[PDB]
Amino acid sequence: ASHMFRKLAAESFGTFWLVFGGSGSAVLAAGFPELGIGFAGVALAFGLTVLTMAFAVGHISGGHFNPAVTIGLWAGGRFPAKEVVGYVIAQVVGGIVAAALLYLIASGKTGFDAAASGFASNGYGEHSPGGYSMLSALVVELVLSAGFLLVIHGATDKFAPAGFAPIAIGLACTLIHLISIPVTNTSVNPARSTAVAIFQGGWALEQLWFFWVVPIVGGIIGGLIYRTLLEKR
C-alpha cells in the first residue's frame, strides 16, 4: 500500500473499475428499452467508479485512474515526473482488461455488435453521438479536462478539509459526463478511450490520438492554472 508495485496495482484496479463500470453501464444499461438508465445513469456510474475507488485506494496511490490526471498533477507540481509513466501504463493495462471482460459479457446477448454500436467509444464529427464538429469536440474536452484538474488540485489543497476529496472528484466526473456525452461520448481520460476503442476496432482507433492529446493538454492547463494562479498563499 506504498511500495510502487502496490500503487501500480491500485491504479490498474481503479482504472479497471472506471472502464468496467462507466463503459459497462453505457453498453449494458443506458439504452435498455423503457427502463434503461440513459446518459444521466451513465454519468452517475462513471462518477461513482471514481468516488468509490478514490475512497478505496486513494490512500495507496493518490487514486488518479486517468493519464490526464497523472500528467496534470505533474504539471501542477503535485506529482513526480519519474512516477508518471508507470502510472499511465498501469491505467492503460487495467482499462484494457476491463473492456475485454465487458466485451465478453456483452457478447452473451443475441445481436450485440461492438463495432456497429460503437462500444461506448469516444468520437467526434461523424462519430460524435450528436454529430458535433471536431472543433466542438476540442473545446469541450479542453475545458472539461482543465476544470477536472482544477477541481482535483483544489479539493486536495493543503487547506481543503480532509477526507472529502473523493466526493468532490467523483462527482466532478459525473458532472463532466452530464455535459459532454452528446459531443464526444466524454473522454477526459485517455486510458478509458483506449480500452474501449480496441474492441470497437475501427473509427474509434482512427480518432484515438485526439483523446490522448486533448485531455492531456487540458489537464496540464488546469494544473498550471491552479499552481500559478490559485495556490499561493
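The numbering used is simple: start at 1 and walk along the sequence shown.
When the two stretches 37 to 45 and 23 to 31 are set side by side, the higher mean Cα temperature factor goes to 23 to 31. Averaged over Cα atoms, the B-factor as recorded in the entry is higher for 127 to 135 than for the other of 127 to 135 and 144 to 152.
By the numbers in the PDB entry, the CA B factor is greatest at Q200 among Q200, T174, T52, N66. In the PDB entry, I216 places in the middle third of its chain by CA B-factor. When the modelled residues of the chain are ordered by their C-alpha B factor, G111 lands in the highest third. Ranked by C-alpha B-factor against the other modelled residues of its chain, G95 falls in the lowest third. Ranked by Cα temperature factor within the chain, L205 sits in the highest third according to the deposited record.
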